[PDB]
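Just so it is clear, the values below take in all heavy atoms, side chains as well, and ignore hydrogens, waters and symmetry mates. Residue numbers count from 1 along this sequence. When a ligand or atom number is given, it counts from 1 through the structure's own listing order.
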Amino acid sequence: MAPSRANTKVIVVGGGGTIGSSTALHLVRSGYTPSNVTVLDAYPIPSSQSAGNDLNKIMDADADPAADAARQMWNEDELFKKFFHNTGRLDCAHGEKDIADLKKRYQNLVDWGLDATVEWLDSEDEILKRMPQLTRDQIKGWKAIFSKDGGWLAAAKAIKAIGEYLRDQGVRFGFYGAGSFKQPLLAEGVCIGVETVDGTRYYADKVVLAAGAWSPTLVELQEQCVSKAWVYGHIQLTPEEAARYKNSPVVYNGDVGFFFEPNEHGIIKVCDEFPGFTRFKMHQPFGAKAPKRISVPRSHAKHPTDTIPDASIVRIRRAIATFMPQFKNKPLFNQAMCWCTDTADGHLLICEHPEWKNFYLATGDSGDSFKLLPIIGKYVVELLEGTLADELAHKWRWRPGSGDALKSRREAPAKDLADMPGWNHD
Ligand SMILES: *Cc1cc2c(cc1C)nc1c(=O)[nH]c(=O)nc-1n2C[C@H](O)[C@H](O)[C@H](O)COP(=O)(O)OP(=O)(O)OC[C@H]1O[C@@H](n2cnc3c(N)ncnc32)[C@H](O)[C@@H]1O
């Protein structure tokens, strides 16, 4: 019957990204033999097109079991702890609608699962006493929640640290044409390996597809996942300017955008807040009988001259003019699109393929899974071994026809890059 952990060969497709690197880590921590694990990625770990290849991501206070288990590891696991910056978060709102919603969010913590960590800031001057770097004339009528819990995650560094640990263990890697998945290798309905674009054939007992936004492009997912991009750009502070924002909280206003503490090189990343962009084109995933119109990521790693739409730049410039008016003349550089894939309900897609035995999906990240990096591979290993909790097996199940992922649980259906000029410089 089935091999032991030490004798099981596993291929992790997308193992240079978030879910895939975590899966490879948890296979080695679980006592799989490192040389029996093969990481395949289009790009070397940390993949240059991974959504986790970022200077920073937010760590919030999500009460979910996966998020809580990840939070404990960001605080306690020596591989990850140094990459969690506990700056806290300043969530601001203005206008009657946004303030009323913020006030209810705050009350839902008092009423329910404790505040302790959280403060209501009921005026401009209370926001300024927390964050003196803001400008009063730009925050007229604002209120905020200040949370001391959470902060930001040094995302690319964390995936790089997993990759170094995996290399030092003796995990096997294939990248570029030797890593770019083309198709599963099927033998009478059982997946026994993968073929890459260069024609290399890798054989294993189990295959994990952790290909992020590329997952519905690579195999037929029946629109369960729809891929979308979000945007950012960067500004460079002088050492004196950057020292003002040492340990600064993540600052967010849902009408405006958000920005992070400068990194150790003085760079602040600034983001819009919006429902994402698709990039529909004709493509034929493995298991599709003909080409289909699907959202296919427009990869900045493949197209490094790409930037972001003009509309996005206007929004990011508005966010800088509002949060950091003293920096409005700094150029916005290293502008990029970053891709995720939404399910209709925003829950993960972590399941065995219904026809291809031993081929597992680990995707549906839905734009909020970087914080799960330390833990998510544990659940994927449980899935491979048949021990995943039944409630999670159901929540993460194969579910075509379960709702429109174009809108997902977001405010609107995503707009398409074909309609949003300014990002293509070919
Ligand atoms: C884009 C984005 C995401 C994001 C965010 C802001 C932006 C702009 N803010 C976040 C935040 O504050 N907090 C948080 O927890 N998450 C946030 N996110 C979302 C997060 O980045 C994603 O949910 C998560 O990183 C997705 O992980 P996943 O593992 O699913 O995807 P990935 O890291 O992109 O990795 C996919 C890998 O697949 C490889 N690939 C693609 N095609 C192939 C082929 N053909 N063969 C082999 N490998 C392939 C990619 O190269 C990549 O490494």
Problem - CD (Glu78) with more than 12 external heavy atoms under 6.0 Å - result: no

Completion exercise
Residue set satisfying ring-ring contact (aromatic ring centres under 6.0 Å, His included) with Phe80, at least two apart, ordered chain then number -> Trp74

Problem - Residues in salt bridge (charged side-chain N to carboxylate O under 4.0 Å, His left out) contact with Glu273, at least two apart in sequence or another chain - result: none

Handout entry: Neighbour count above 12 (heavy atom, 6.0 Å) for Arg399 CZ
Key = yes

Handout entry: Selection residues 298-325 - residue pairs positive for ring pair (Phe, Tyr, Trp, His ring centres under 6.0 Å), sequence neighbours left out
Key = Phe259-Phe323

Exercise for the section: Determine whether more than 12 heavy atoms belonging to other residues, nucleotides or ligands lie under 6.0 Å from atom NZ of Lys330. Expected result: yes

Fill in the blank from the handout: Distance filter under 4.0 Å, heavy atoms only, around ligand 1 gives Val13, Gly14, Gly16, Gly17, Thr18, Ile19, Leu40, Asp41, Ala42, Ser47, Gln49, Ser50, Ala51, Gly52, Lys57, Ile58, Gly179, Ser180, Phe181, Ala210, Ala211, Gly212, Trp214, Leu218, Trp230, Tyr232, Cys338, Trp339, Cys340, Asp365, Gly367, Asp368, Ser369, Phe370, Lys371

